[PDB]
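Got a structure for you, questions after.
First chain written, first letter: the chains are A, B, C, D and E, and each begins at residue 1.
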Amino acid sequence: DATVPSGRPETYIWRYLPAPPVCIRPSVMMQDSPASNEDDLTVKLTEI
Amino acid sequence: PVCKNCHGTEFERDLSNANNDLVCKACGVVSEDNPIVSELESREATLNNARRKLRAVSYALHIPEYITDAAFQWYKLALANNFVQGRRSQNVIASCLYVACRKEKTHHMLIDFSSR
Amino acid sequence: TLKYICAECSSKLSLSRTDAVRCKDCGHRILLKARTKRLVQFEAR
Amino acid sequence: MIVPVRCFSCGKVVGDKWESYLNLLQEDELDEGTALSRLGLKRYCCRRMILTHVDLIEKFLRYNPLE
Amino acid sequence: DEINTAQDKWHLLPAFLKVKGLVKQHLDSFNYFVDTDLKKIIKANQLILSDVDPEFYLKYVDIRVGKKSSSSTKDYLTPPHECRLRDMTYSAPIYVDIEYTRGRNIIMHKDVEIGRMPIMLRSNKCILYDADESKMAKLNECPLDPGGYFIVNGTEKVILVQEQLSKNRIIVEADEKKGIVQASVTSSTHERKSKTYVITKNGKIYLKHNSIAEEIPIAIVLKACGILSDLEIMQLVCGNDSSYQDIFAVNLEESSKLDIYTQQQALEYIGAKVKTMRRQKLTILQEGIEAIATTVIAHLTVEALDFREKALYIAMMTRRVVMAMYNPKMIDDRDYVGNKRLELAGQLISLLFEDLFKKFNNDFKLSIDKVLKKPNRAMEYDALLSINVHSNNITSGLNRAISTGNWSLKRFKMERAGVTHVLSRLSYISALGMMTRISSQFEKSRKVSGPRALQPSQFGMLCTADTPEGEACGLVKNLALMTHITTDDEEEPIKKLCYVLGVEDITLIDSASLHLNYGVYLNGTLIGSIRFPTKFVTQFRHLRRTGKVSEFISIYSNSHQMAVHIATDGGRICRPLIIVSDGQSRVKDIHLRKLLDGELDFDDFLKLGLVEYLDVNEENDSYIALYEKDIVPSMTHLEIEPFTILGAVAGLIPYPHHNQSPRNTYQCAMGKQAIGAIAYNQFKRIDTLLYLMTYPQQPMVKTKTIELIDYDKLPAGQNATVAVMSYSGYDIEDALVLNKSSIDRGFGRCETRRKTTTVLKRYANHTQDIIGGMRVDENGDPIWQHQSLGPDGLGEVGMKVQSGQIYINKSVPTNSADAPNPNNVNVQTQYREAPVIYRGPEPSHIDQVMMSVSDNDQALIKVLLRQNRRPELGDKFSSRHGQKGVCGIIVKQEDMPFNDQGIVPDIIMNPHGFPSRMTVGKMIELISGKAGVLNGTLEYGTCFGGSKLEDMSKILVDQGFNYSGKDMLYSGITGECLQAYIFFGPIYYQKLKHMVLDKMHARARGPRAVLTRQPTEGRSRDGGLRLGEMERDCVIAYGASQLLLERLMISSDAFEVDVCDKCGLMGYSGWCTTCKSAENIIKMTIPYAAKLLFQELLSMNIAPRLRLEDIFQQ
């Protein structure tokens, strides 16, 4: 549909990507060590 | 850490009724409710190899690993203090072992290193 | 006192702290605490 | 372990009879059923208390800590 | 004592169990690995070499485990009861003997340490081998423990006996929708994992394989093996005068389509379309790549030159693919027990060890040449120094693969997980039945209840009454009492022996004659094409019964096809049965009397030929008799003892054949949860959680099973005095009511103990942990938390604990990750506390406390608590025959009834179960009990027999009571008699697990999750339970619209979000941050679980554009 700001088809492939907050990807500390078991959400984003 | 009414510095987590709230003993106002439980590279490479070499003879001389872990920091500071350059790599780390062997006060001698 | 006793040597050792973990008169390495002198209260039911 | 002091059912005391019931078996080799009838135990609710007590204190004492 | 062979055949079954016990499946396989299989691995990995310095070699001559060759003593070993108290591995070292080229001269050195392999107890290599209750009393170990399990690093686990299909054999199969397939897997011991499929596409036969790119019609691959004349084929496949020639006739014309017609052209058609494996040389001849294509396939047989036998092995395979297409009755299941190869641990850890050893002798080889690429370090260099660094990979690879029950294989590339399980010390028999249990492979046929069911070809093979329910319903099963597994010996002498017995050869016989006669199939392979097998097979038994050949052979011989079958593959089920020649057996009771003299054991019977082992495949042909009163002049193989079809966990039920069959399957899962006594050293061992019973009682109506396992030497549970009747209405559906007196007398008072441990950890900055304690206040050391903390900081043995009340103090340095500063400046006060606090709603005691050290010099602390309790109402009991029971109410002794003698019943149960549950076993046990009580004599309630009824009522009436025991009694509450008669007597009742004292849980408002802010699942995680979706729909079925809102976000997940109006998305505390004016802001609230919902979909390109209205002004 027209008349809307995001109504171009240009925004239907990734040119920019937003980063979600860290509440969605919490840095959980498993307490097997003094290092935190960082989740797979960040390290996939880190390779990006 | 500071209450809003008595401004106390002592907080006591009550687990008597499995609520795990935080409260001071002075006035009795809760602090928090509903607890939220937690459910160079060339310098890196030259210690990655040195980590293998510390682990090698410790397996040979039956060294328990709280020395080999402790001995790496003794190697780490002398790495910064330019003690490694020129000298032989095999020679310097075996001297670094006996430091922690002496500090831990073990039965391990010094010629057991040099005979191997 | 009536301090720490061995497993099978059964020898009262008041071994001073952060010094050793073994026993005398044997090479054994598992240690038993002896029971206190203090009275304890119980019921009879 | 050891014999209970009383009967679980009625409550009469059986702690003076375990050695006595064993006494009537080593010497004077006797039928076990008529052994405790001589001893004075008529009720069958108490016959189970001594017939079927496994006395495993004898196997437990050999693992003493005192050599 | 007039002995006879009519009812004294039972007495030779203890002569089996005495010389040959119940841990055959674990001890003998582990022993045969240690004794024999260690040499057969190292010989196939010999002569490590190097390319640099080519004249250097190392070879080992032999290996040994345990003692040296210089001392030649037995050993010096840690005790396992000591080893389990230090969380260490109970293992034994391996010594190897090597020779190599040191330099100018070669040198041979002995007794080289390469690792320490674990050994299971009661093996011949452990110190517990054949003790005399005094050495083992010195080693404080219970002699009634069977053993058979590892004590790696503390915990005690056991290998479960796994199984799969019968490998290296073919199976028939039919499917309607996708055609019918013929699976045939083969796994030779060197890297080979190959399975072949014979498919039927629209009436055309092919062979697909996962090393060939396509399928090939069989008319090519028979000419490739030599057989080309194309009249031989239908003569081999079909025969003569049938409809098989009509069905097979499609496949003949396709050789005319390809125009091959000869043996030479038949090969390279395969090698054109072969999936070519990269050999990195690629010599490929276009003549030999097809010659090896007829070698790496169907790995049962490999041929040097002729390819003749391998051709007929395909013809045997493609014969039954048409018989299944002729009619679907000829197909078979993969659920028949003869198509299963059960396999033990000792030859299975042989696969695990050879993976590590081949991984050992190449990592050490990688070290050698790294030294040998030096000019100076090639003359005086010795390689025995570099051993010990590589030796660690074995032992850590051992203990990790046993603790974590997952195995990373390389030559097979397969990940069987969950193979190890911690054994349960809940009951004495709970550890017995876990030694004897079977775990399947779950081949993803979850839709079909075929393998879920029980097969009729299991009578005497393994137990049928013990099978769990729930998630594991029919894939776990249990061993019977008389059972042996076979083992392989050799196929070389038996194929020479059949030629002497007068069978032909495959390379001499005419192809017309093989379908006329039968065929000897050696592990499924035809070699001789026997005629008239009845003379042939019976002369073989006389070689086996006298014992010229091994006894683990099966002479299964079917008649649906023209074939006989020979099996010596080993690892298949069997049991022994006595031979009956004719209308008289071979009983010979004078030899059965000579058994009880003590010189004629179970072993000499099969040595003479009075007994032999039979598998299920020999039970096809045989005609086992029930009894000696059932002998026919055509009747063989008398059944030795009828109640041997139940294991020791199924054996303890008295009179099972009177009880209903589902009521026997219920107790075997629950008898493992009955509490009682465990071991003789149970007051010495320190294990994680122990239920102990104060006063057990050996049951009255015994069994032949329990005296063969000495279960009566340590019972679990006791006998009540049961009056089955309705009373006070508190027992309606299988509840129970007992008397308040007898619990004060001490009926059922259990004991609960629980281990906990800590480890004092050493840090890299050389900082330990301290146990300083008892900070003082107002002239007294102890705080309300510190009355039981002791002078040393370790909590004092001798007194109770209550909630709160730190019993182990612990302080940890705060520089736990800081670098060690090489000085002494500021280390005087860094210890923050991490004390250990007693939880639990009930005050308990300690039992006792120990301290020790680990395998490495690191301090170990182990304390174990102690509390007893009385079974108040709600607690779960049972009946040994499958009647669960919860305590309804606990009333006084004056409230209970009483007989003429005043005998108060211990419990009462309702009469409303016995007609529904059809449980006759309690009804006989009370009769077999009470008369045996008044006679004083303990009675035998066994399966398929036991103590009879008419002789028991005569004793019961001579004492003067009811002949059926249904007595009359008075009333407790009003005094007079009751209008009915009361069936009264003593019944053995066990106490289960699952008591109410550790199942009362309630959470009001406590901890929440981090990602959801929901109440945390887990009773130890302080609970908050899931009101699920199936319960959610029922609320709308009431139409209630507010507690549905309240119990789904108000009681659980309330969260307040401010949202913008136009371009409506959320903002934070007071901002819009998408049209940054922060004015059009609406205060409202949502679920927090809804708040994260449209935040995660915002992470990818989705805009949840929100639109608002007011509630009011409709």
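Just so it is clear, a contact is a pair of C-beta atoms (placed from the backbone, for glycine too) under 8 Å apart; a residue touches a chain by one contact, two chains touch by 3 or more.
Protein names from UniProt, one per chain: D = DNA-directed RNA polymerases I, II, and III subunit RPABC5; E = DNA-directed RNA polymerase III subunit RPC2.
S.K.: For the pairs D-E and A-B, output the one whose chains share more C-beta pairs in contact.
M.R.: If we tally the C-beta pairs in contact for D-E and A-B, the bigger total goes to D-E.
S.K.: Return the distance between the CA-based centres of subunit C and subunit D, expressed in whole Å.
M.R.: It comes to 36 Å between the two C-alpha centres.
S.K.: Would you kindly tell me how far, in whole Å, the mean C-alpha position of subunit E lies from that of subunit A?
M.R.: One centre to the other, that is 44 Å.
S.K.: Report, in whole Å, the distance between the mean C-alpha point of subunit B and the mean C-alpha point of subunit E.
M.R.: 41
S.K.: With centres defined as the mean C-alpha position, give me the subunit B-subunit D separation in Å.
M.R.: 62
S.K.: Which subunit E residues sit where two or more other chains touch them?
M.R.: 1010-1011 - these are the residues of subunit E that touch more than one other chain.
S.K.: Find every residue in subunit B that makes contact with two or more other chains and list them.
M.R.: As it turns out, subunit B has residues touching two or more other chains at 38-39.
S.K.: On subunit A, where are the residues touching two or more other chains?
M.R.: Residues 26, 28 of subunit A each touch two or more of the other chains.
S.K.: Judged by the touch rule stated earlier, which pairs of chains are there in contact?
M.R.: A-B, A-E, B-E, C-D, C-E, D-E
S.K.: In the complex of these two chains, what residues of subunit D are touching subunit E?
M.R.: 1, 4, 6-11, 31-36, 43-45, 47-48, 51-54, 56, 59-60, 62-63
S.K.: Flag every residue of subunit E that touches subunit B in the complex, lowest number first.
M.R.: Subunit E reaches subunit B through residues 385, 388-389, 391-392, 762-766, 803, 819-820, 822, 839, 856-858, 1002-1011, 1013, 1016, 1021-1023.
S.K.: Enumerate the contact residues on subunit B facing subunit E in the complex.
M.R.: Against subunit E, subunit B makes touches at 15-20, 33-39, 55-57, 59-61, 64-66, 69-70, 72-74, 76-77, 103-104, 116.
S.K.: Could you please specify the touching residues of subunit D with respect to subunit C in the complex?
M.R.: 65-67
S.K.: Would you mind writing out the residues of subunit E in touch with subunit D in their complex?
M.R.: Contacts found on subunit E: 137, 140, 677, 680-681, 683-684, 694-700, 712-715, 718-719, 721, 741-742, 745-747, 901-906, 930, 933-938, 986.
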